[PDB]
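Form deposited in one PDB entry, single chain, as structure tokens, below.
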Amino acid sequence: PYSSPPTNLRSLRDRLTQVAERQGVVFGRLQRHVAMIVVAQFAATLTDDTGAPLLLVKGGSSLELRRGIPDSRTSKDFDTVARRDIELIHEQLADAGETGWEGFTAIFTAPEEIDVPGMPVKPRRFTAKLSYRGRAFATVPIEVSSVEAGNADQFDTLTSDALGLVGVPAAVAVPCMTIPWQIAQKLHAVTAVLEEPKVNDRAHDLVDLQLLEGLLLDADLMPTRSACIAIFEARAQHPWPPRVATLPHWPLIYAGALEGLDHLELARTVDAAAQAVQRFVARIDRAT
């Protein structure tokens, strides 16, 4: 029961060590979750002049927020979508970082762009260098993409009590892309055919797509169908509905992506994962 925040970086890490052992989790994982939460709190301070989020969390960080550390893949990336524009995001986050949150501060590396076919405006990558009460704490790779169709019309707001458990009580509340659009974008990515020297390595999306299907539960799959149509049309690459092929090097990638998830009811082989996701494609495609 911590009565006050950690005094310095050394005390922070001792508490994280204690919580990680209490919860049966690897320290490095809890530590990197905390760093993503800190970054997310900076991003949640970014609003338009109505108070609406400028940045929505997506990708593996989002799944780790939705499912919890035990029930999600280890994510290294903090992926986000910018609701309004992307060049103003970098300077707004750096101000957020300098201003700080609960003792944490951040400095952000310069934004490099990326070529992605199908996206007129290009994603950006940079890095957050986090400090606690002066002493460097962790580094978080950040990617920012522009909005595509209605993938930023709405957002879910997710939380974590990880910082509470080490005596940082401030509320955590993170705006995230909704599940229909996460499914649409991961379905597109895992079935994408890459340019000759490039090769699709995204077998891990087969894990995430099973985890996201579990979370739609019995919901109408019609918002997910409309999101899939929109993404696949917006990107103007392979058509909807796609075929979930597996590539020759994917078996071990998929196995690597299953690490730590033995307790979940997931396909245990990449073939069965492809079969599971294909059935999910067909179910989404029948939802009118």
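Numbers follow the displayed sequence, beginning with 1.
S.K.: On average, are the C-alpha B-factors higher in 84-92 or in 156-164?
M.R.: The stretch with the larger average C-alpha B-factor is 84-92.
S.K.: Which has the higher mean CA temperature factor in the PDB entry, 8-16 or 263-271?
M.R.: Per the deposited B-factors, the answer is 8-16.
S.K.: Say you rank 213, 196, 71, 201 by Cα B-factor from the PDB entry; which sits at the top?
M.R.: In this record, 196 carries the highest C-alpha B-factor of the candidates.
S.K.: Which one of 172, 183, 206, 119 shows the biggest C-alpha B-factor in the PDB entry?
M.R.: Highest CA B-factor of the listed options: 119.
S.K.: Is the Cα B-factor recorded for residue 190 in the lowest, middle or highest third of its chain?
M.R.: Within its chain, residue 190 is a lowest-third residue by C-alpha B-factor, going by the deposited values.
S.K.: Looking at the temperature factor on the CA atom of residue 149, which third of the chain's modelled residues does it land in?
M.R.: It belongs to the middle third of the chain when residues are ordered by C-alpha B-factor.
S.K.: Please rank the C-alpha B-factors of the chain's modelled residues and tell me whether residue 114 sits in the lowest, middle or highest third.
M.R.: Ranked within chain, residue 114 CA B lands in the highest tercile.
S.K.: What third of the chain, by the recorded C-alpha B-factor, contains residue 221?
M.R.: CA B-factor rank for residue 221: highest third.
S.K.: Considering every modelled residue of the chain and its Cα B-factor in the PDB entry, is residue 140 in the lowest, middle or highest third?
M.R.: CA B-factor rank for residue 140: middle third.
Heads up, the form deposited with a small molecule bound isn't pictured, but that's what we're talking about next.
S.K.: Report whether the minimum heavy atom distance between residue 124 and the small molecule in the bound PDB entry is within 4.5 Å.
M.R.: Contact with the small molecule, no.
S.K.: Using 4.5 Å between non-hydrogen atoms, is residue 214 touching the small molecule in the bound PDB entry?
M.R.: Contact with the small molecule, no.
S.K.: Do residue 134 and the small molecule come within 4.5 Å of each other in the bound PDB entry, heavy atoms counted?
M.R.: No.
S.K.: Does residue 92 reach the small molecule in the bound PDB entry if we count a contact as any heavy atom within 4.5 Å?
M.R.: No, residue 92 stays farther than 4.5 Å from the small molecule in the bound PDB entry.
S.K.: Please determine, with the chain shown alone, which of 94-102, 179-187, 126-134, 163-171 has non-hydrogen atoms within 4.5 Å of the small molecule in the bound PDB entry.
M.R.: Looking at the other structure, the answer is 179-187.
S.K.: What I'd like checked is whether 68, 107 and 139 together line the small molecule in the bound PDB entry, meaning each has a non-hydrogen atom within 4.5 Å of it.
M.R.: No, because 68, 107 and 139 lack any heavy atom that approaches the small molecule to within 4.5 Å in the bound PDB entry.
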